[PDB]
Structure formats: C-alpha cells, structure tokens
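One structure is given below, encoded as structure tokens.
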Amino acid sequence: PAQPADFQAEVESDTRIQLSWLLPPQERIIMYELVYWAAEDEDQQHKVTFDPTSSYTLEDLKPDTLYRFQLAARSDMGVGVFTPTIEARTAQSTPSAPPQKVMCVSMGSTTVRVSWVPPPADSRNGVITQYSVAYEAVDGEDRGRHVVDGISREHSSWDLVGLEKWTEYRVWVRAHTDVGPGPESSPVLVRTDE
C-alpha cells in the first residue's frame with residue numbers, strides 16, 4: 001500500500017486536466033483511487049477508480065475553477081496513504097450566456113441609452129473584459145448594422161448617439177473575455193424620441 005510519488009497536475013485546456021505520477025517499481029498495485037473536488041465547493045467531492053496506469057486525464061470540468069487532487073494505490077493489503085493534496089486551476093473560455101436584463105430607453109432625437117447586467121457567474125468562464133453593443137435600424141435612413149466594441153466592464157449602460165429620429169431599432173449586446181466573445185442577447189425593440 002505504498003503512497004505513489006512524483007504526483008503532478010498539468011492544465012491541458014479549460015476543461016481538461018492531466019494528472020501524472022511515477023509508477024511504482026513493479027509493486028502489486030490492484031487499482032488507483034483518485035479523489036478530487038472543487039476548491040470553492042468542499043461539500044461535493046468526487047472519487048474515481050481506474051486500472052494501474054502512469055497518467056490520468058480528467059474531462060468535462062468547469063472553466064476558471066480550482067480543482068484539488070489526492071491519489072492513493074490499493075494493493076492486496078488495502079488502500080494506501082493518500083498523496084499530499086495538489087491543486088490546479090482550469091483555463092478560461094468564452095462566456096456561455098448572454099448579458100441578462102437587457103433594456104434601452106430613448107434619450108432624445110439621436111440618442112438611445114441601452115442598459116444590461118453581467119451574465120450569471122456559473123457561465124462566465126473567466127473574467128469579463130469588455131462588452132459590445134450591436135444594433136440595426138428599421139425605419140431609419142440607412143438599414144446598416146452598427147456595433148460598438150471596447151465597452152469596458154465598469155459600466156452597465158452605454159449611450160448610442162447619432163442615430164435617426166422617430167424610428168425603431170433592434171439592440172444586441174454580448175460579453176467578452178480574452179478567449180473570445182460570448183453569445184449575444186435577445187433583441188429588444190426601441191423607438192426613437194422626436
């Protein structure tokens with residue numbers, strides 16, 4: 001029941017972590033027992049048993065989450081001593097949800113202010129870096145899509161200026177991270193004040 005040595009975690013992707021360790025010098029190991037859990041949620045811990053191998057990769061994980069691991073080998077004597085716990089955090093990814101509670105109210109003849117709220121945390125998959133408001137006119141002079149990038153994460157509302165007068169618009173807004181942009185919000189209608 002010797003504790004496995006040289007236990008090391010490697011971050012392969014945003015949802016896949018590879019665990020490696022030194023195989024014992026021909027020790028009569030039956031199975032390996034791996035126990036891991038999310039650092040933010042200690043109550044739910046996961047356990048997996050597998051045949052004697054040198055490495056094991058975990059899949060279907062959550063991005064931007066810290067996972068801690070412990071390993072032991074069970075022989076004909078029983079389950080050995082667990083390895084000292086190691087931790088590894090998954091990489092970031094694009095958001096899996098649009099900004100919620102999207103709204104917009106006309107401010108004047110050529111100004112329309114749009115507001116939103118950051119998406120839920122369980123689908124952010126990283127740090128929200130910026131936003132992007134997309135909109136198209138309907139009854140306006142030009143029916144051309146316009147988008148505004150670089151919307152910093154500090155504010156939750158942006159003012160669209162220079163548009164047409166007394167006309168309807170559709171608005172879209174999506175979250176952004178270093179990996180890429182997330183899904184856009186559902187379109188919301190708005191009519192320009194005159």
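In whole Å and largest first, what semi-axes does the C-alpha gyration tensor of segment 1-90 yield when each eigenvalue is scaled by 5 and square-rooted?
Numbers: eigenvalues 110, 36, 21 Å².
So the three semi-axes of segment 1-90 are 23, 13, 10 Å.
What does the net charge come to around residue 57 if you take all other residues with beta carbon closer than 13 Å to its beta carbon, with K and R at +1 and D and E at -1?
On the way: positive: 16; negative: 10, 12, 59, 60.
So the environment of residue 57 carries a net charge of -3.
Amide H neighbours of residue 31 under 5 Å, counting only residues 5+ apart in sequence or on other chains, H built in-plane at 1.01 Å?
When sequence neighbours closer than 5 places are left aside, the close amide H contacts are 74.
I need the phi-derived Karplus couplings for segment 95-110: 6.51 cos²θ - 1.76 cosθ + 1.60, θ = phi - 60°, integer Hz, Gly and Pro marked x.
x, 10, 8, x, x, 9, 6, 7, 8, 7, 9, 5, 9, x, 6, 10
Near the amide H of residue 107, under 5 Å away, which other amide H atoms are found, from residues 5 or more places off or on another chain, if H is placed in the peptide plane?
Result for residue 107 returns 112, 113, 193.
Which of the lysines could be linked to residue 47 by a straight reach, that is with a Cα gap under 28 Å, when you skip same-chain ones fewer than 8 residues away?
The reachable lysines, counting only those whose Cα sits under 28 Å from residue 47, are 62.
With θ taken as phi - 60° and the coefficients 6.51, -1.76 and 1.60, list the Karplus ³J(HN,Hα) couplings across segment 66-72 in order, rounded to whole Hz; mark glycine and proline as x.
After applying 6.51 cos²θ - 1.76 cosθ + 1.60, I find 8, 10, 10, 10, 9, 10, 8 Hz.
Work out the FRET efficiency for residue 22 and residue 122 from their Cβ-Cβ distance, taking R0 = 41 Å, and round it to the nearest 0.05. Can you show the working numbers first?
On the way: r = 36 Å, r/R0 = 0.89.
According to the calculation, E is roughly 0.65.
Starting at the first residue of segment 17-31, write each ³J(HN,Hα) from the Karplus equation 6.51 cos²θ - 1.76 cosθ + 1.60 with θ = phi - 60°, in whole Hz, x for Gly and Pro.
Calculated HN-Hα couplings, in order: 10, 9, 10, 10, 7, 7, 5, x, x, 6, 7, 6, 7, 8, 9 Hz.
Subtracting the Cα-Cα distance from 0.36 nm times the residue separation, let me have the gained length for residue 107 to residue 139 in nm, one decimal.
9.7 nm
Hey, can you grab everything whose amide H is under 5 Å from the amide H of residue 89? Only 5+ residues off in sequence or another chain; H modelled, so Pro and N-termini drop out.
67
Each reported figure results from applying straightforward, stated rules to the coordinates on display, with no laboratory input. Positions of Cβ are generated from backbone atoms using ideal geometry, with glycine treated the same way; all protein chains shown enter the neighbour counts.
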